[PDB]
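One structure is given below, encoded as structure tokens.
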Amino acid sequence: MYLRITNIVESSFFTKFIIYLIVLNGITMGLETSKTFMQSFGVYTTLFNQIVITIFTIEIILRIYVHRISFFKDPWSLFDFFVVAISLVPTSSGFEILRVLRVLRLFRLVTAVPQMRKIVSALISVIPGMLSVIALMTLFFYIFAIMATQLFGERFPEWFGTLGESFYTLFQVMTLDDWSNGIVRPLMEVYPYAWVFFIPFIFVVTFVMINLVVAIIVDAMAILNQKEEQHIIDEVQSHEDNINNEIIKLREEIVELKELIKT
Amino acid sequence: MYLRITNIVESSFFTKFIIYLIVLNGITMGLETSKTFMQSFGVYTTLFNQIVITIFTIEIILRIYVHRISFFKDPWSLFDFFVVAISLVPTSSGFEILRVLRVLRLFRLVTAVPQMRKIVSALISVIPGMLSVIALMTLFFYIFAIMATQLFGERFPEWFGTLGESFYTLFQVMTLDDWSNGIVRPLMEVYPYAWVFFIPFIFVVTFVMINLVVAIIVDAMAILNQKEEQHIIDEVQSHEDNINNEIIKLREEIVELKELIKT
Amino acid sequence: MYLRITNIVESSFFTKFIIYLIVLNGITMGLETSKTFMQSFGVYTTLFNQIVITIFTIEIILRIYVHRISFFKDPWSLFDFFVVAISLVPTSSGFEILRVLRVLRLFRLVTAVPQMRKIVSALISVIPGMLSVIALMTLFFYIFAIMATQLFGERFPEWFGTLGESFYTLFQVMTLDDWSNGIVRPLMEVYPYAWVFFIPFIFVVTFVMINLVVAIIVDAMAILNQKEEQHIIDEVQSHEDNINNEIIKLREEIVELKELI
Amino acid sequence: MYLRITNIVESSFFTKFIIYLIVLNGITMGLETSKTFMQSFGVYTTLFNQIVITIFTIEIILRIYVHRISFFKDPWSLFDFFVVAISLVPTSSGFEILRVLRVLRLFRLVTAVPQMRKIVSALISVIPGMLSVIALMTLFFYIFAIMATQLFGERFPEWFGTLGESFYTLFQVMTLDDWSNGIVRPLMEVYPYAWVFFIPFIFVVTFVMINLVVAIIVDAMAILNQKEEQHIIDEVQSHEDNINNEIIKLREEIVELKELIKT
Ligand SMILES: CC1=C(C(=O)OCCN(Cc2ccccc2)c2ccccc2)[C@@H](c2cccc([N+](=O)[O-])c2)C(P2(=O)OCC(C)(C)CO2)=C(C)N1
Ligand SMILES: O=P(O)(O)OC[C@H](O)CO
Ligand SMILES: O=P(O)(O)OC[C@H](O)CO
Ligand SMILES: O=P(O)(O)OC[C@H](O)CO
Ligand SMILES: O=P(O)(O)OC[C@H](O)CO
Ligand SMILES: [Ca+2]
Ligand SMILES: [Ca+2]
């Protein structure tokens, strides 16, 4: 029976039908936004929602028997899995956050549609090279968050009270969000020199972001000229000393013609 | 009189003419902006408008004969068609919003000037390949919109009472416009963890844009290496398939001295 | 024998002296900020400005005499000229707002030095390639100013009442400055769909500013690849043509042992 | 005795120990941020600072011994040194920024981890290039800062009262941080034409930042594209001086078959 289900999971009808259920379920996810619509139709869509989660788990289990292990070595399939698992947690209780994370299920449309995975893939690819810089930055934030909390916390607690208080505030400053009328000018009333802290924080952070981008584009170029030079260097050494194997059978031949002297 | 009017339409004069009207009428739409002006000279401009609109209509008509079905397959003409059609909906009456849409007819200066035509064309060219990602972002927005609305709308209706509402705010946050003192910190007095929503949102949004920009730059400079490489790659073969061919000649010239075979 | 003075205007010391001046006067421009200073040393320093300003006048005259018409085809000169002419107009005058422009004479430091000049010159060079887009965009503003004025100027005259008013505001919205909480959201409390005007506006202008940067970088690299292959090909071709010079005299003296028999 | 110490100092145990010490010390410094923690465990903390501060003074000395004057011509070491100094000075004194500047010793984790000082390097490496542009802009600011102080400082003393205050506001404007509603929009009430100063300032300032990027990127690439030229032209160079070097012997195996006229 294994091959019998495998023909299904792999059909064009399967993926389209699941893509189809993703999409319209998405539309219902959106209609539950309206409190008006939720009245005249609430039980309809929650029903619908239960049908979709059913079909999805059906599907996901099928996919597992058809792919087992390979399935769990697949980033994309793990996603659908966890994102479906979440939806499978009951419409209940105090930790009511999960009712809302059920709208993550719509990200299946990203898994289900190949054009889109490529985009997500292309995006993630940039990340691992950056993990070093991310560390350095987070270190830099940490160190400055500490100083903030200490230098500024007592008189300005909404902003620099806790450690995490200052983290949030320093993120805002980085996005240059209302940074000067909004935070530093207040600070400077008590502590006139605050700028000696915030002006450098701004230049370093902005500096790094910008440059990091420059480096990315330019280093990527550097490897493109690499493969190109290779490809062309590979040519002058494919030719030339293949025109060497022919200018020495001039040589072998030229000296094959050297008992002109015997006569 | 097909050929007689084709001659007029296609002439340099006609085009220079329509352009000149476009400039005057655009100068006068700026003057129509002054309440002070209309009281003194406003009689003059409601007919100037009413006859430039008339002249333009005539033109659009002519041009249609002169190109028939091919006129309605030209982007630039189709524009002129609509942008002048909208200016025909009554001098008053209908709705007064189509009287504001009237001023759009100055974009006919972009349409009727071929430096502008291509400059716009240049700009539009990067879009159709972007389309996929525009969809991915839109889905991202929309999921988050659904999410923000049922997390912050009951308590913060101004910002999150509706999908549309939350679509707006999330756009605001994307442009980083007064996002933290302006939306999130208030949200956070009622909901201390709002940062776990919006900071992830900010990264994704921002990360996608920037990398999108890198990709365009970085991929375009790839294609340029392609055509340069094969330009160069072809030209070594032209001057190195030339070499080994006239050493084949020399190799043979040596085997011309087979005439040692005379003995 | 005017040439005498010509050798002095051109001298290393003529230029180096004027730069000492431009820097000095520039250090006094700053201290004329401290009203603390400008009582205790006001007279002391107003002369310094009077000396400097006459010297520069002299300098400009000499440069003129030396370079004649060719002086007025030189922007760097033309600038020096106007920025000094400006400073000439007395003070009190008709309006203490040309007294302010006087400061602009410090940019003479950009003039007096290369490197500085190269860089200014460097930056400007992208501009002429841009005159077209700058115009399309200006048309784009103009059009949306006219539209914004007449759509919102009635109830929002501070932001959109006058044509120039709408220009200023659309400029602010372009820099995304307090655009939503400070402008559109207020607008929408009277005119709900006003987002249909501002979101597209922001998209258009943002898109244009980014692409233009992308076009500059990539079209730059294309010109850089034109030059590259032509240096590589003009190499490959020429040597490859090096190789056929040693082939024809390894050829037509393989014809003398052939003519041998 | 040198080489015995030298081999300890260069040990990866030495390095890893100091790195470890750097890291746990960083963990305690965030703990000092809590007022709860400092109550219940603050004495545990303040001695560990002493410990680490000693150990590092030891570490720095062992290293000066090992490297002699080579140590003092090393930026990363100079830093490690200068940062340990600050942490040395007795707690309090009259000004207690030093009891805060002490959290800079965490930056040692940068100098200590070889992968981090690499990216700081790459970053720093861009600066020398732009020291001229910097000067240009620093002047430009100065000039505009003088100009605004004496145009808006009497009536707007907070923003423009002194030179210093004008530098701060112009920097605020440069970052485009709340510029219009805030500074510029108020100013224009008193001085209507103030847009004539803050639009130019903004164009110039943002143009120059933005182009400056373009110049790095594109000139970086011009250099990249040239090292490619050499590598390619070098192979060509090689073949056509080095095979005429070894068929110059084939150039004289043809005069031998000539020369055999003689008797
Ligand atoms: C929505 C948005 C931004 C924005 O509107 O902030 C104003 C930027 N700015 C002048 C400026 C920038 C830096 C230091 C000093 C001054 C600007 C904006 C519009 C027109 C002209 C200039 C800024 C930005 C600023 C700060 C933080 C972040 N973040 O974490 O995503 C983004 C950037 P960026 O990479 O910034 C750099 C330039 C050359 C402008 C290109 O884009 C993007 C990608 N996102
Ligand atoms: O007015 P509502 O409550 O029906 O919701 C309006 C939304 O924009 C449509 O879903
Ligand atoms: O305090 P003042 O009056 O001496 O002026 C301070 C300025 O920042 C010095 O140039
Ligand atoms: O009435 P105004 O002030 O908009 O005048 C029109 C000009 O374009 C700007 O002054
Ligand atoms: O305020 P505390 O003492 O509970 O600590 C909160 C900080 O973010 C944790 O160090
Ligand atoms: Ca802002
Ligand atoms: Ca703001």
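Convention: chains lettered A, B, ... in structure tokens order; per-chain residue numbering from 1; ligands numbered from 1 as shown.
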
Distance filter 9 Å around ligand 2, atoms: only C-alpha atoms and all ligand atoms, out as a list in words: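 Residues satisfying the distance criterion: residues 30, 31, 32, 33, 34, 35, 36, 37 and 38 of chain A; 161, 162, 163, 164 and 165 of chain B.
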
Export, as a compact mmCIF listing (two decimals), in the first residue's frame, the selected residues with C-alpha atoms.
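Dumped everything to out-v3.txt:
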```txt
# COMPACT_ATOMS: atom_id res chain seq x y z
CA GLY A 30 -8.93 37.49 7.98
CA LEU A 31 -12.70 37.59 8.28
CA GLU A 32 -12.60 36.63 11.94
CA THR A 33 -11.06 40.10 12.34
CA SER A 34 -14.52 41.55 11.89
CA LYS A 35 -16.68 41.32 14.98
CA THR A 36 -19.70 41.96 12.77
CA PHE A 37 -18.92 38.97 10.49
CA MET A 38 -17.98 36.84 13.51
CA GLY B 161 -9.27 48.14 15.67
CA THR B 162 -9.35 46.82 12.10
CA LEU B 163 -7.22 44.89 9.59
CA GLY B 164 -7.05 48.09 7.56
CA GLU B 165 -6.23 49.95 10.73
```

Throw together the list of residues within 6 Å of ligand 4, counting only C-alpha atoms and all ligand atoms, and drop it here as a PDB file with N, CA, C and O atoms, in the first residue's frame.
```
ATOM      1  N   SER B  34      -4.124  79.757  -6.240  1.00  0.00           N
ATOM      2  CA  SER B  34      -4.259  81.017  -5.519  1.00  0.00           C
ATOM      3  C   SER B  34      -5.690  81.562  -5.561  1.00  0.00           C
ATOM      4  O   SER B  34      -6.210  81.877  -6.630  1.00  0.00           O
TER       5      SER B  34
ATOM      6  N   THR C 162      -1.233  76.777   1.015  1.00  0.00           N
ATOM      7  CA  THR C 162      -0.601  77.442  -0.105  1.00  0.00           C
ATOM      8  C   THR C 162       0.193  76.413  -0.913  1.00  0.00           C
ATOM      9  O   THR C 162       0.446  75.307  -0.459  1.00  0.00           O
ATOM     10  N   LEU C 163       0.554  76.757  -2.139  1.00  0.00           N
ATOM     11  CA  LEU C 163       1.264  75.822  -3.026  1.00  0.00           C
ATOM     12  C   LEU C 163       2.579  75.440  -2.385  1.00  0.00           C
ATOM     13  O   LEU C 163       2.849  74.281  -2.175  1.00  0.00           O
ATOM     14  N   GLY C 164       3.370  76.442  -2.039  1.00  0.00           N
ATOM     15  CA  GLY C 164       4.618  76.246  -1.331  1.00  0.00           C
ATOM     16  C   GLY C 164       4.458  75.506  -0.024  1.00  0.00           C
ATOM     17  O   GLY C 164       5.359  74.793   0.409  1.00  0.00           O
TER      18      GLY C 164
END
```

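Between chain B and the residues D:103, D:176, D:148, D:212, the shortest atom-to-atom distance, using only C-alpha atoms, involves D:176.
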
Could you list, as an mmCIF file with C-alpha atoms, in the first residue's frame, the residues of chain C having an atom within 8 Å of chain D when counting only C-alpha atoms?
```cif
data_model
loop_
_atom_site.group_PDB
_atom_site.id
_atom_site.type_symbol
_atom_site.label_atom_id
_atom_site.label_comp_id
_atom_site.auth_asym_id
_atom_site.auth_seq_id
_atom_site.Cartn_x
_atom_site.Cartn_y
_atom_site.Cartn_z
ATOM 1 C CA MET C 29 34.227 83.813 13.099
ATOM 2 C CA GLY C 30 33.580 81.169 15.728
ATOM 3 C CA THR C 33 29.742 83.694 18.946
ATOM 4 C CA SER C 34 30.622 84.046 22.608
ATOM 5 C CA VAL C 100 25.349 86.395 7.973
ATOM 6 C CA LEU C 101 26.358 85.207 4.489
ATOM 7 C CA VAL C 103 30.563 83.467 6.892
ATOM 8 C CA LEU C 104 30.267 81.691 3.557
ATOM 9 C CA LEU C 106 35.117 80.277 4.967
ATOM 10 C CA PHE C 107 34.368 77.852 2.116
ATOM 11 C CA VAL C 110 37.596 74.433 -0.089
ATOM 12 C CA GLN C 115 41.846 67.514 -2.428
ATOM 13 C CA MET C 116 39.135 69.558 -0.915
ATOM 14 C CA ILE C 119 36.255 65.954 -3.579
ATOM 15 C CA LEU C 123 30.557 64.720 -5.752
ATOM 16 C CA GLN C 172 8.809 66.379 4.994
ATOM 17 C CA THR C 175 12.010 62.252 4.571
ATOM 18 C CA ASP C 177 9.481 62.780 9.096
ATOM 19 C CA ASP C 178 6.744 62.374 11.649
ATOM 20 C CA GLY C 182 2.311 64.181 12.716
ATOM 21 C CA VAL C 213 21.312 54.802 -6.452
ATOM 22 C CA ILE C 216 24.467 54.796 -10.522
ATOM 23 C CA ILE C 217 26.426 51.920 -8.932
ATOM 24 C CA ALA C 220 29.279 52.551 -13.065
ATOM 25 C CA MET C 221 30.432 48.969 -12.920
ATOM 26 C CA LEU C 224 34.333 49.606 -15.497
ATOM 27 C CA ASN C 225 33.869 46.308 -17.395
ATOM 28 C CA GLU C 228 38.480 45.934 -18.495
ATOM 29 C CA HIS C 231 42.507 46.236 -21.850
ATOM 30 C CA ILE C 232 42.454 42.437 -21.708
ATOM 31 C CA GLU C 235 46.463 42.589 -24.734
ATOM 32 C CA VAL C 236 45.379 39.184 -26.013
ATOM 33 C CA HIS C 239 50.762 39.535 -28.187
ATOM 34 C CA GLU C 240 48.802 36.931 -30.063
ATOM 35 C CA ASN C 242 53.418 38.928 -31.082
ATOM 36 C CA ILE C 243 53.304 35.199 -31.827
ATOM 37 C CA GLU C 246 58.039 34.669 -34.843
ATOM 38 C CA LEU C 250 60.030 30.286 -38.643
ATOM 39 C CA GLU C 253 63.136 30.164 -43.815
ATOM 40 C CA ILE C 254 61.606 26.733 -43.548
ATOM 41 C CA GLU C 256 65.047 27.847 -47.808
ATOM 42 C CA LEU C 257 65.684 24.296 -46.604
ATOM 43 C CA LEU C 260 67.330 23.256 -50.901
#
```

Nearest to ligand 3, chosen from D:76, D:193, D:168, D:48, with only C-alpha atoms and all ligand atoms counted in the distances: D:168

For residue 6 (chain B): contacts at 10 Å, only C-alpha atoms, fewer than 5 positions along chain excluded, given as a VMD selection string: chain B and resid 1 11 62 to 63 65 to 67

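Closest to ligand 7 among C:230, C:181, C:245, C:49 is C:181, based on only C-alpha atoms and all ligand atoms.
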
Separation of CA of residue 131 (chain D) from CA of residue 121 (chain C) in Å: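 A separation of 16.6 Å between them.
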
CA of residue 190 (chain A) to atom 1 (O, counted along the ligand's line) of ligand 5, straight-line distance in Å: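 Interatomic distance here is 22.4 Å.
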
12 Å contact set for residue 28 (chain C), only C-alpha atoms, chain neighbours under 4 positions out, as a PyMOL selection string: (chain C and resi 21-24+32-34+37-38+41-42+44-50+52+103+106) or (chain D and resi 146)

Selection near region 49-51 of chain D, 12 Å with only C-alpha atoms, sequence-local residues under 4 positions removed, as a PyMOL selection string: chain D and resi 21-22+24-29+32+42-45+55-58+84+87-91+99+102-103+105

C-alpha atoms of the current selection, written as a PDB file, in the first residue's frame:
```
ATOM      1  CA  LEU D  21      37.566  35.432  32.739  1.00  0.00           C
ATOM      2  CA  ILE D  22      36.464  38.216  30.394  1.00  0.00           C
ATOM      3  CA  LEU D  24      32.137  35.535  33.323  1.00  0.00           C
ATOM      4  CA  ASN D  25      33.143  39.009  34.412  1.00  0.00           C
ATOM      5  CA  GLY D  26      30.779  40.364  31.732  1.00  0.00           C
ATOM      6  CA  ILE D  27      28.021  38.180  33.163  1.00  0.00           C
ATOM      7  CA  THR D  28      28.527  39.620  36.649  1.00  0.00           C
ATOM      8  CA  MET D  29      28.457  43.184  35.393  1.00  0.00           C
ATOM      9  CA  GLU D  32      25.288  44.497  39.223  1.00  0.00           C
ATOM     10  CA  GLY D  42      26.864  42.503  46.150  1.00  0.00           C
ATOM     11  CA  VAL D  43      29.903  41.685  48.274  1.00  0.00           C
ATOM     12  CA  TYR D  44      30.552  38.477  46.303  1.00  0.00           C
ATOM     13  CA  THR D  45      30.682  40.776  43.292  1.00  0.00           C
ATOM     14  CA  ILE D  55      44.710  38.807  37.056  1.00  0.00           C
ATOM     15  CA  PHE D  56      44.546  41.097  34.019  1.00  0.00           C
ATOM     16  CA  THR D  57      47.272  43.335  35.402  1.00  0.00           C
ATOM     17  CA  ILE D  58      49.307  40.173  35.755  1.00  0.00           C
ATOM     18  CA  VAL D  84      42.985  47.812  32.366  1.00  0.00           C
ATOM     19  CA  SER D  87      39.605  49.663  35.806  1.00  0.00           C
ATOM     20  CA  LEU D  88      42.507  50.090  38.206  1.00  0.00           C
ATOM     21  CA  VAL D  89      41.757  53.490  39.637  1.00  0.00           C
ATOM     22  CA  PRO D  90      40.387  53.343  43.164  1.00  0.00           C
ATOM     23  CA  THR D  91      36.609  53.273  43.386  1.00  0.00           C
ATOM     24  CA  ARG D  99      33.214  53.311  38.136  1.00  0.00           C
ATOM     25  CA  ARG D 102      35.085  50.077  33.842  1.00  0.00           C
ATOM     26  CA  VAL D 103      32.573  48.171  31.747  1.00  0.00           C
ATOM     27  CA  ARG D 105      37.010  46.029  29.786  1.00  0.00           C
TER      28      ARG D 105
END
```
